[PDB]
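Some notes on the structure that comes next.
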There are 2 protein chains.
Amino acid sequence: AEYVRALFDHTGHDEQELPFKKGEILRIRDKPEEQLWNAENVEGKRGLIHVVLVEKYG
Amino acid sequence: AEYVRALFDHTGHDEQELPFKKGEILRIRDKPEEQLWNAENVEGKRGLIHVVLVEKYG
Ligand SMILES: [Cu+2]
Ligand SMILES: [Cu+2]
Ligand SMILES: [Cu+2]
Ligand SMILES: [Cu+2]
């Protein structure tokens, strides 16, 4: 809901954002392992996390 | 739902994934401009897109 707890260790890294043009059509990838959230950790660092690697905490 | 249409041009680039440890607690950032989807374009390129920059097409 508001908070999650990590089920595994995870090593930081980058992911790329698609470039696209106005009016371009895109298909959404809906497999669970491809879903991400924006998160913030105890030290204020912000970044993406994979939903499948965490669980609802609060 | 399944497909989106881009409302603006968007230049490709990277975003970082948080590193975290098993059991660590994280807060989810829920502002609209921080939400992303996984998408695929006409040429098979895969990448992240910002929800606020597109609209439901199909
Ligand atoms: Cu990833
Ligand atoms: Cu961007
Ligand atoms: Cu971005
Ligand atoms: Cu990762």
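Things worth noting here:
- P(r) weight above 22 Å for the protein assembly as shown, C-alpha pairs, percent: 34 percent
- Summed side-chain charge close to B:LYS22 - residues other than B:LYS22 whose Cβ falls under 15 Å, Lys, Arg +1, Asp, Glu -1: -1
- Within 10 Å of each Cβ in B:27-40, the average number of Cβ atoms from other chains: 6
- Ascending count of other beta-carbon atoms within 10 Å, so fewest first, for A:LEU18, A:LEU53: A:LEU53, A:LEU18
- By the count of neighbouring beta-carbon atoms within 10 Å, fewest first, A:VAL4, B:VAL51 end up ordered B:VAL51, A:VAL4.
- Averaged over the residues of A:1-8, the number of partner chain Cβ atoms lying within 10 Å of the residue Cβ comes to 4.
- For the pair A:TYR57 and B:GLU55, a Förster radius of 35 Å applied to the C-beta separation gives a FRET efficiency near 0.60, rounded to the nearest 0.05.
- Distance to the B-onto-A rotation axis is smallest for one chain B Cβ; residue and value in angstrom are B:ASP14, 2.
- Stretch gain in nm, segment A:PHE8-A:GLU40, where the contour uses 0.36 nm per residue and the Cα spacing is subtracted: 9.9 nm
- The mean number of Cβ atoms from other chains found within 10 Å of a Cβ in peptide A:47-53 is 4, as a whole number.
- The range B:1-46: translational diffusion in µm²/s, Stokes-Einstein, Kirkwood Rh over Cα pairs, 25 °C, 0.890 mPa s: 174 µm²/s
- Counting only trypsin sites (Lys or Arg not before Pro) that DSSP places in a loop and that have at most 16 other Cβ atoms within 10 Å, the longest clean stretch of chain B runs over B:23-44.
Laboratory data are not the source of any read-out in this text; all were calculated from the coordinates shown. Virtual Cβ from ideal backbone geometry, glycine too; neighbours counted across all protein chains shown.
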